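Written below as structure tokens is the structure these notes are about.
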């Protein structure tokens, strides 16, 4: 089998991407944030505290004839950005882009943190990291990809995120028309439950390539590109007027400045992030100070190749017995 779904930026800055997902019988369609950095499929629901729902579409398991309470099961997550949520668990039928899983754990939120309430466009998350990070207790549950894997034509999914435009998540096949050149594959460590890999280095604009190992994760659920302070300092040094602002909490720059591209290495191959991808607009409405899309990972404890980086590539998440990551230009 295969599946193919369009993924759409939630706003004009590509702060996140939503993908429609069919849950239950009859189908309830929710727009979920596909997140290769986490491993829970959780949704706004009829069980969510009323005051914490503000425009989201909810899953109502009582209206799904295929829903079954996973007795005794609870879940609770606190993301790397101070956001959290918790609740109970149902198993139900979940379809993405024509690909159907029966008995998928659907984690129904009783509580969500304010940041989720405040984002009306995101109805929940669909985790695509490794199932070892799933938070369901007492019995950890599998991700949508893990459950689909053996049925797929090939045990892979691909992320093709757009810049200020829709893109595509495919399951079970590689669309050879969606990228240029070849796909370069690179080793993955699953030791922290992430799609974790080592970039071979970077370049700033037309500058010379610096060969250096940068261990980090491919994370569709993180907006920005978080890299070591040395690397980030070297980037913003080439933007006149750019400064790191403690009050804002990162590098900012005047919108009149021209942003250089940023290149990262995948083996001997090179992915070029155009300068425009690194502009995240005024820090506040009407400000001439713009927020940067490349920021320091110091104090995160891990480097994160988020949407800023991934949307410059066609990315293969290969779930073979030994997982690997593939990157192509597009």
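Following Swiss-Prot, chain A shows residues 90-419, kept in their order.
Keep in mind that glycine also has a Cβ here, set from the backbone N, Cα and C atoms.
According to Swiss-Prot, the domain 'Peptidase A1' annotation covers 106-417.
The local packing around residue 124 (active site), expressed as other Cβ atoms within 10 Å of its Cβ over all shown chains, amounts to 21. The annotation active site is assigned in Swiss-Prot to 124 (among others).
According to DSSP, residue 288 (active site) sits within a strand segment. In sequence order, 302, 303, 304, 305, 353, 354, 355, 394 are the residues near residue 288 (active site), counting only same-chain partners six or more apart with C-beta under 8 A. Positions annotated as active site by Swiss-Prot: 288 (among others).
Taking the Cβ of residue 344 (disulfide bond) as reference, residues of its chain lying under 8 Å away and at least six apart in sequence are, in sequence order, 368, 370, 371, 377, 378, 379. Here Swiss-Prot flags 344-379 as disulfide bond.
Every protein chain shown contributes to the tally, and the Cβ of residue 379 (disulfide bond) ends up with 23 other Cβ atoms within 10 Å. DSSP gives residue 344 (disulfide bond) a coil state; it is part of no helix or strand.
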